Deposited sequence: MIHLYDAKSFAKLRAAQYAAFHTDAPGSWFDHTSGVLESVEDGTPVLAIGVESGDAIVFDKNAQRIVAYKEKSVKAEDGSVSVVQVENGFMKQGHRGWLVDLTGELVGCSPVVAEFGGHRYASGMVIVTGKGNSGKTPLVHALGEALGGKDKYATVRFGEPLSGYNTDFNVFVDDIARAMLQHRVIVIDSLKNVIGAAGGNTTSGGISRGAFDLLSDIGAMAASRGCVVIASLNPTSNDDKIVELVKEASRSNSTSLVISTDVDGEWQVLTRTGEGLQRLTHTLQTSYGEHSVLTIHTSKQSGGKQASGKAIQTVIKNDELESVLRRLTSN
């Protein structure tokens, strides 16, 4: 909905957003939204996501797909009303995204999802990319385990010519919806194929907000494979504007750079990671500042 502000209310918002990343306890936001979801009336639609065609499928708090649901409206303080209606397995009325309020009026945050090696990591979407020798697959799995901490991380596999890999986009969005409804740390191996169908386009522009709202982190690998300037720019765009955080390889082997957006209008931070391989290519992340928008695009032409 829309929000109204004056100098005072705005200043409070910024302070709260700042705290959501810098001081709140890592993962507390995720736990809180888990609570909100559990308190739902059962059978109540909570998440809508687009399939290949552009239509949307809906799920309940238990990641179970809803096939039929009679029109129902809800009026917010905004005075605005939201309507949800599912017919024959597809949304007839409503919008893509969370169908239940998880954020209240605390919007524009990058809720801290975890802490590792002395650094705080944001929830939302993290694209792991770059052009070079450093492999993205080992990195996403190492980051998943590290941010998972005490918890296991969920792995969504898509579009790779390996055994057991799903290659159907609609099964893909199904795996993603379930993962965000049930886990704090999610790894998507290969944003390839996607990034174009309406579903792929919707996913690319929806996933970050969905994840940040839940307080979970989606770690997706993306190889700037094709050097075709039409998609090379689609990679730099996805990385630039559709990601909450970015993890890119450097010219030094095993070294990665992490660029993270700490919140609406807040500063973008950066830190470095060193890594090394163990047996069977298992990667380990070793454990022992702002970057202008100009320095940011300097990082972007790396993908070019």
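A.B. asks: Residue ranges with no C-alpha coordinates, please: along the deposited sequence, counted from 1, in order.
C.D. replies: No C-alpha for residues 196-206, 300-305, 322-331.
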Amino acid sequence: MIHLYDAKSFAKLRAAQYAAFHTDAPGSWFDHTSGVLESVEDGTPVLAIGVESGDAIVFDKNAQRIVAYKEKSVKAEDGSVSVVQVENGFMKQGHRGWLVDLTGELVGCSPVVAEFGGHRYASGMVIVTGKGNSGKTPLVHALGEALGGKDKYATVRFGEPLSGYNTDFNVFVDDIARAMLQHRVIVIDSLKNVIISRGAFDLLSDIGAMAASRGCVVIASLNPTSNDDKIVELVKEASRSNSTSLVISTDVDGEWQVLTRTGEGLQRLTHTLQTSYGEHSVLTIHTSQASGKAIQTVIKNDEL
From here on, numbers count along this sequence of modelled residues.
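In this text, rigid core is short for the largest set of C-alphas that superpose within 1.5 Å between two forms.
A.B. asks: With everything overlaid on the rigid core, name the stretch, 98-106 or 129-137, whose CA atoms wander farther on average in 5 other deposited structures of this protein.
C.D. replies: So, of the two stretches, the farther one in 5 other deposited structures of this protein is 129-137.
A.B. asks: Compare 38-46 with 231-239 and report which one shows the larger root mean square C-alpha deviation from this form in 5 other deposited structures of this protein once the rigid core is superposed.
C.D. replies: When 38-46 and 231-239 are compared in 5 other deposited structures of this protein, 231-239 lies farther out.
A.B. asks: Using the B-factors recorded in the PDB entry, average over the C-alpha atoms of 66-74 and of 237-245, then report which stretch comes out higher.
C.D. replies: Taking the mean B-factor of the alpha carbons in each, 66-74 is higher.
A.B. asks: Going by the mean C-alpha B-factor recorded in the entry, which is higher: 226-234 or 159-167?
C.D. replies: Averaged over C-alpha atoms, the B-factors run higher in 226-234.
A.B. asks: Can you tell me which of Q182, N88, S221, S205 has the highest Cα temperature factor in the record?
C.D. replies: Among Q182, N88, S221, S205, the PDB entry lists the largest C-alpha B-factor for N88.
A.B. asks: Maximum C-alpha temperature factor per the entry, among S281, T284, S9, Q296, belongs to which one?
C.D. replies: Each of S281, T284, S9, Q296 was compared by C-alpha B-factor; the highest is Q296.
A.B. asks: State the tercile, meaning the lowest, middle or highest third, of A290 with respect to the CA B-factors recorded for its chain.
C.D. replies: Highest third of the chain for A290's C-alpha B-factor.
A.B. asks: Using only modelled residues of the chain, where does the Cα B factor of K131 rank: lowest third, middle third or highest third?
C.D. replies: For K131, whose C-alpha B-factor we compare with every modelled residue in the chain, the answer is the highest third.
A.B. asks: Ordered by C-alpha B-factor within the chain, which third holds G263? Give me lowest, middle or highest, please.
C.D. replies: Tercile = lowest for this residue's CA B-factor.
A.B. asks: Hey, what third does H119 fall into on Cα B-factor, ranked over its chain?
C.D. replies: Answer is middle: the recorded C-alpha B-factor places it there.
A.B. asks: For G50, return the chain-relative third of its C-alpha B-factor as stated in the PDB record: lowest, middle or highest.
C.D. replies: As the PDB entry reports it, the C-alpha B-factor of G50 lands in the lowest third of its chain.
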